[PDB]
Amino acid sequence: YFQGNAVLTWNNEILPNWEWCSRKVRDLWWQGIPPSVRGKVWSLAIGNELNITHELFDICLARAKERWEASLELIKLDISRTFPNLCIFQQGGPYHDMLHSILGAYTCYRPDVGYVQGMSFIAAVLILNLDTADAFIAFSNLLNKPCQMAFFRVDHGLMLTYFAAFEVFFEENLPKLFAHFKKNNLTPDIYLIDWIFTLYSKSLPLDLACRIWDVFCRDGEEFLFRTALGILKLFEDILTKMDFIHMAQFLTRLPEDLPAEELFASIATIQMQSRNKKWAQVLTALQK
């Protein structure tokens, strides 16, 4: 084990010993979790603080199916553009009905939230890796996390404190690009919101997003902001030659072939510590 056979190492060595933070395990986790293992790790990491049951899922789906105004219009449109190169989530594909089911069931569970654009991408990633009811558990609980909540709710107060913490680490790690952004009025709301809200599932190709989700499962919300800084560092040279408009355009539609190994190398060089304070203490200080 830990001799280059990841599936066996995860299944035979790691998961029996879930209760995670071994140094050897953490290096392997950085490389991405095998697809056959992801569902189990993600479900465990995301958890079920909402205490959602399969029976709740069944009922909510039943209500959605009964219900089938412009909400379903938004669901259907978003589904049409969800990882469309794969042709698996779109109508006639083998995950389409499952995708519809998660989203419809969710609008019946939280009818006050309803459908928010980008949600299809989050649900799609989960249904590829989890059975539908378990995917619904993960989806619902993921949307409940402090970070995702802040980045979806109409009141922007909590989101501002995330922006502020993000900027502490941005200036720390990338002082020159930070200044360049400041001079050009390139504020976090231009690009960061979709990145953080969908955990990059709307912003990056599927396989790379999944690897980001893996390490998010290891390190929590801080990894999402570390990733954001990794992307900026990866493109720092080209960004620095752009004005406001070109930066905004580049950042809101990232390269389709964004190379995973190069992004991860860049993310690795980002340190989420400033003045010997970590992400959680910087954020808590900004919230308190």
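Residue positions are given as counts along the sequence shown, with the first one as 1.
- Unmodelled stretch separating residue 19 from residue 20: 1 to 3 residues (count of deposited-sequence residues without coordinates).
- Going from residue 68 to residue 69, you skip over 10 or more residues of the deposited sequence that the entry leaves unmodelled.
- The mean Cα B-factor in the deposited entry runs higher for 25 to 33 than for the other of 231 to 239 and 25 to 33.
- Per the PDB record, of the two stretches 70 to 78 and 201 to 209, 70 to 78 carries the greater mean B-factor over its C-alpha atoms.
- Between the residues 58, 222, 257, 49, it is 257 that shows the highest Cα B-factor in the PDB record.
- Comparing C-alpha B-factors across 156, 145, 110, 96 in the deposited entry, the largest value falls on 156.
- Per the PDB record, residue ranking by Cα B-factor puts residue 38 in the middle third of the chain.
- Sort the chain's modelled residues by C-alpha temperature factor and residue 195 lands in the middle third, per the entry.
- Among all modelled residues in this chain, the alpha-carbon of residue 62 has a temperature factor (C-alpha) in the highest third.
- Residue 272: CA B factor in the middle third of modelled residues in this chain (values from the PDB entry).
- Residue 89: CA B factor in the middle third of modelled residues in this chain (values from the PDB entry).
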